[PDB]
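The next block holds one structure in the form of structure tokens; read it before the comments.
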Amino acid sequence: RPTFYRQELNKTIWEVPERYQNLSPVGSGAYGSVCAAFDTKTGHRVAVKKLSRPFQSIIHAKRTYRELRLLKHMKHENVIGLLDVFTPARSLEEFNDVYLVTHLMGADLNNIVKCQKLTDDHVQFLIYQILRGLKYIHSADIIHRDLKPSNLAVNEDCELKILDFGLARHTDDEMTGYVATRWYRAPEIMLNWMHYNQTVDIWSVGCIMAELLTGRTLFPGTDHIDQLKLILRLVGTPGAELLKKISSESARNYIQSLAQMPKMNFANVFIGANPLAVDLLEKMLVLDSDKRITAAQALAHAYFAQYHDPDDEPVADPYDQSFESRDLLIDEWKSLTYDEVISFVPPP
Ligand SMILES: CCc1cc2c(=O)[nH]cnc2s1
Ligand SMILES: [Cl-]
Ligand SMILES: [Cl-]
Ligand SMILES: [Cl-]
Ligand SMILES: [Cl-]
Ligand SMILES: [Cl-]
Ligand SMILES: [Mg+2]
Numbered sequence: 005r006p007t008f009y010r011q012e013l014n015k016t017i018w019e020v021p022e023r024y025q026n027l028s029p030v031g032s033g034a035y036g037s038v039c040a041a042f043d044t045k046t047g048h049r050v051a052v053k054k055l056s057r058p059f060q061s062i063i064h065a066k067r068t069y070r071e072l073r074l075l076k077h078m079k080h081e082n083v084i085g086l087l088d089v090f091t092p093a094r095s096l097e098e099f100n101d102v103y104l105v106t107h108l109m110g111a112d113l114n115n116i117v118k119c120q121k122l123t124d125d126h127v128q129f130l131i132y133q134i135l136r137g138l139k140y141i142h143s144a145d146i147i148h149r150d151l152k153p154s155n156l157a158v159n160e161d162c163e164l165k166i167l168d169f170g171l172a173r174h175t176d177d178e179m180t181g182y183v184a185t186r187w188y189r190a191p192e193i194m195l196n197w198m199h200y201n202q203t204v205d206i207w208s209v210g211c212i213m214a215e216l217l218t219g220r221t222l223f224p225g226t227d228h229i230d231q232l233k234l235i236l237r238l239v240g241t242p243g244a245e246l247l248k249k250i251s252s253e254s255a256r257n258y259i260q261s262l263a264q265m266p267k268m269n270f271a272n273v274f275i276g277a278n279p280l281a282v283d284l285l286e287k288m289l290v291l292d293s294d295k296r297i298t299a300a301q302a303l304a305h306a307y308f309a310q311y312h313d314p315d316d317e318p319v320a321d322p323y324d325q326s327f328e329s330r331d332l333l334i335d336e337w338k339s340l341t342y343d344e345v346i347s348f349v350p351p352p
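Note that the deposited numbering has the sequence shown beginning at 5, numbered continuously upward.
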């Protein structure tokens, strides 16, 4: 067990191994507080996250276990990995606090898509890396659920990592009105007309790719209904074949009240874009979810000819998510989490 030291940073006690030096606050959502630090064992600049109220309720204890399981599994160049996890507790009986350690991320996509000029070669490389990471994630039967520019880290060399997996945490208020939290979501999960499926993530990649090509949000709706009208104007209203599969009686009722619209000509929407970029957008932004291109199929598209290497696009180890259907007490979720903290093995 390492030696730990204590300090107060913005009204919060931080108890951390001596290896982590020069802690300085960087931010705090409702999920916890984050400090930047220098890791003397590895030489990396790291983010240290102290979870807030990790075991306060059954829902919160299960969410803590879910986040730790997911971060311990992810081992891929285009996905955030776990550098360390620790607790100052010396036993289960005194266990209260969990700290998670990752590489410190500077810029997100947002920063480079708003405030920089992107060639077609930059769009090819950035979308290639998102799809390489998503092939790995989907091969473990994981759905990200929250892909958007603020959840994509990018460095000076245009190298990309996916972060901030959906933990099923986003609230109704967070999704209300003129908000980027909703503009990348697939239409079938916008108003919960279908259960989540890995196919919702490819819709999000299409929205991100369109915004890198134009410099503008693709579907900047002022509310859920405005957003659905912008979506159906581009991709068309649901045709005979898709209507048959719309099992939500609420969806058929509102959708059949709208005048029918044909799919638009993407070459006239994305004026001047690479024709191979236009073709790939038409394969991602399909209203019928089962007809969308998959991550594995998209990596083989001719738009990525410069980068595609089928011997360097790895799949994941199997991921057991049977805990998701399990009914446990707060202290049982807390013991499962404790076991995962003490069994952590650091990366090479
Ligand atoms: C209008 C959005 C929808 C797409 C979709 C699908 O792919 N299957 C079933 N229901 C829906 S609603
Ligand atoms: Cl130490
Ligand atoms: Cl990483
Ligand atoms: Cl503790
Ligand atoms: Cl965003
Ligand atoms: Cl597993
Ligand atoms: Mg985020």
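For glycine and all other residues, C-beta sits at the position ideal for the given N, C-alpha and C.
For residue 302, same chain residues with a beta-carbon under 6 Å away, outside a window of 5 residues either side, are 135 in chain order. In this structure, residue 184 has its beta carbon less than 7 Å from a heavy atom of ligand 5.
Per the CB criterion, closer than 5 Å to any heavy atom of ligand 2, the qualifying residues run in chain order as 6, 21, 22, 23.
Within the same chain, and ignoring the five residues on either side of residue 53 in sequence, the residues whose Cβ sits closer than 6 Å to its Cβ are 36, 38, 104.
Taking 7 Å as the cut-off, the C-beta of residue 154 counts as close to a heavy atom of ligand 5.
The segment 337 to 344 makes contact with the segment 65 to 77: 3 or more CB pairs, one atom from each, lie closer than 8 Å. The alpha-carbon of residue 64 is positioned some 12 Å away from that of residue 335. Straight across, the Cα-Cα distance linking residue 98 with residue 204 is about 41 Å.
Residue pairing by DSSP places residue 11 opposite 18 in a beta bridge.
Between the C-alpha atoms of residue 259 and residue 298 there is a straight-line separation of about 26 Å.
Contact annotation: residue 209 and residue 131 have beta-carbon atoms nearer than 8 Å. Distances taken from the Cβ of residue 99 to the heavy atoms of ligand 4 include one shorter than 7 Å. As for any beta strand (DSSP E) of minimum length 3 sitting wholly inside the segment 141 to 201, the runs are 156 to 158, 164 to 166, ordered along the chain.
As DSSP reads the structure, residue 49 sits in a beta bridge with 42.
Checking the DSSP bridge columns, you'll see residue 29 partnered with 39.
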